[PDB]
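Following this are structure 1 and structure 2, which are two forms of one protein chain, each written alone as structure tokens.
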Structure 1
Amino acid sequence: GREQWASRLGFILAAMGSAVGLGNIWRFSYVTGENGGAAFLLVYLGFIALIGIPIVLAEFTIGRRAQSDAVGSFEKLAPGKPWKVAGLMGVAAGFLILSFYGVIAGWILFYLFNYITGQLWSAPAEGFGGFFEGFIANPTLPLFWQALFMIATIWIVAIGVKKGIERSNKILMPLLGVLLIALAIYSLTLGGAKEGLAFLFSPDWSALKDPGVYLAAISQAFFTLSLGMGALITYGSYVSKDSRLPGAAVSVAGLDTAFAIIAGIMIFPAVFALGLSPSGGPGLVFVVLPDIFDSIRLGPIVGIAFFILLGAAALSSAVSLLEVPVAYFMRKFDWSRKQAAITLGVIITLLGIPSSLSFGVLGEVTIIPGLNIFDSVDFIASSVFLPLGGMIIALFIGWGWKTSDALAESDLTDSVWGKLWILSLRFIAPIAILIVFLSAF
């Protein structure tokens, strides 16, 4: 009685919907900014090609072969073997990541509400930066918008794969991309393009002699690809033998990278035209974008379109995050989909609440030494659980599978590409991750 994608394009568009969201605009911007731009970018692009694409194909393959959740897939394919630690850790990463993802997405709804009610058309007296700061440090206001976003997320997951997840509006992601392209072109004309483009594309290798940069690059590569937690195993598990995995993996990574690159071309020349520091941290785009819209005559209209379209993208990504614990709990405890979605969704919302508060009244609390609550949850989930899970997933196919199976189940043959793929999983990817972990600690 397991669900399957009803439509032929269902799978690839769902995988794409999962990947493209806040990580491409909000996260990519502030992480690229605080790590120095171009050298970080190049390391990130390297990781996408050589680690991301293979491990994406790996998740797809595992999931389609087992037709089960992130944990169940490992149990089914290799019962009594330790590999399932990856999926157990992924379920946990799912709780953690969605708990703060819903907070940032709630910031998005707040901004959308303000544009719609005419509030952010001109600069507030305290300025766009002052407006943002006052919002997020408010103890309760961000929580209301967060709860609102999670309700929407819970509802789609409760509805089902076919009736909910698959039924996204197909025009919204391509509209977001076009708007991003148009906005990138516009910020190129604002006066900071020479400096913003040099920050973004002209490497300074001095930054690379910090091992923190490599780990930030790999974390962002996993995060943006919806990777390492079994989210793509899960989506893959709803897929029939009528699907071509390698093409999907490449398309997902290519398109996700296009979005991030254009987002960067929008943001950094804008950062530089405004005189701001690119190291501004998580609120970077919430401070920059409204400034950019304000300089356009029809800018309030652009603002409405942007926050709507990014909101829809954050929504499809959030749904894929919630789908991981939901799928697992449905199987493991015979919970109904609606019951799992509501229960886990509320729990994850509440878990999210101290991360929201860390931007204000809890700003001085640490968990991991020196890191506030938000930064700690993100570090653990994105920089520890995701790359480790990815490593185990890579080793699993690479060393725990017969090669003929690995290739057949992934729609590859023992050609140059199949060989390249297998080499990635056995050695390149898991060793690069190992070396990043060892060096960064």
Structure 2
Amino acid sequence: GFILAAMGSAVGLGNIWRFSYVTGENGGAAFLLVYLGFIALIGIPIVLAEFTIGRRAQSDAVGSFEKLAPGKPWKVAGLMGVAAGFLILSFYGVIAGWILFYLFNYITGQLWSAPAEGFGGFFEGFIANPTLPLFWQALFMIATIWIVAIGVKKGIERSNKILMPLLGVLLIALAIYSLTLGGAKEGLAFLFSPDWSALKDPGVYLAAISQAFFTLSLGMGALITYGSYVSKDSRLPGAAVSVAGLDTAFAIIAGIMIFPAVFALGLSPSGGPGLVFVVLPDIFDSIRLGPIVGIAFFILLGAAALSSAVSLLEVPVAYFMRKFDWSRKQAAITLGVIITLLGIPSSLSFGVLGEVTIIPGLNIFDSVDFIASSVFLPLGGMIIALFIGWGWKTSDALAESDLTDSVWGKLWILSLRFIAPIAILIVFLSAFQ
């Protein structure tokens, strides 16, 4: 039921866009290994943790901590999630803006054939433009603010009820097609033959733990909100697995679509954020009716991004209504404008503001992404796990998580109580050296 809504949030640009350029510049299979290891040992338990919290509390993220734990400082994760909601959405609307621009050019037929400067140069010229991405960012943000304020979200999960299975099938089709382009052995080995020297590098673990929290909509309390509006019929840990498995499925299939085509096109896997925006247009170009494939793919991906951005904007909006007694439309608009303003310099980091560094060695886009995804999400996720692991009580924890008198229940508690917090902790200390 409402578990589909959680998948609507989980599956988005993190599965196709982010997963690609993070996996690419981090070795590939070695990264993927750690990534898959984190979803299992850290991801799924914490996803189940957020479901458990919301379902008992029957409230929003930050409100859940106060109801379950009045006055206790456990709510610092919820507050940290609010800040992450601002940061992540700020640049998320920028990448989603890129999708709408690419959608437009397939509608006008400008991307049907390769431009004079090539698809790479086309994307370069677009993001180097100071004001052209800003329009499409605003256009996407306005649509997000619109849906959140009006509260019309059944336009959204009737969408991910049809459009998301369509996205999955399309990706499966494109993944198979990409393997025929002549870079299959190079692509699969990159993705599934681990380089053990990369496991020497602590930064790989931090990138994997970041992608894990990002792709699962985890660490900021977005899933806590979904869990509150889940009836008690529903076995939560099956939901947590199904959510994690489906999202993992979307990402891995996307990798099989991208990287074989990357080596086929003779591109670098460490290309950057615009990797997919260079590969896909040429794949579609190799297809005779590829413009139609292109139009369909960016309509579907845009839908997935929209349903994820609504999920993102909801976290600060729901908070500001609980704390400052704002109306839904007021909160959505005000925060919407602020977040969009916050996204402008981030979008300019691909152009005239490329020289600016905030985090040492990282531009504005990478800095915001770092602070939100590599710091806030796993730190907040740690606190959430610690909350159930130590702050809760096993009897209540297992009761809500539908894992009473089970071996999985003890295994789940063990994850949240030690294995997950220590793993995130170890990654932190090793990375910050």
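All residue numbers here follow the sequence of structure 1, with the first residue given the number 1. Under this definition, the rigid core comprises the largest set of C-alpha atoms superposing within 1.5 Å between the forms.
Only one entry in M89, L310, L215, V239 has its C-alpha moved by 2 angstroms or more between structures 1 and 2 when the rigid core is superposed, and that entry is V239. Superposition on the rigid core between structures 1 and 2 places the CA atom of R337 less than 2 Å from its counterpart. For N169, the Cα coordinates differ by 2 angstroms or more between structures 1 and 2 after the core has been superposed. The two forms line up on their rigid core, and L200 then has its Cα shifted by 0.3 Å between structures 1 and 2.
The rigid core superposition between structures 1 and 2 gives a CA shift for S68 of 2.2 Å. On a core-based overlay, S410 has a Cα shift of 1.4 Å between structures 1 and 2.
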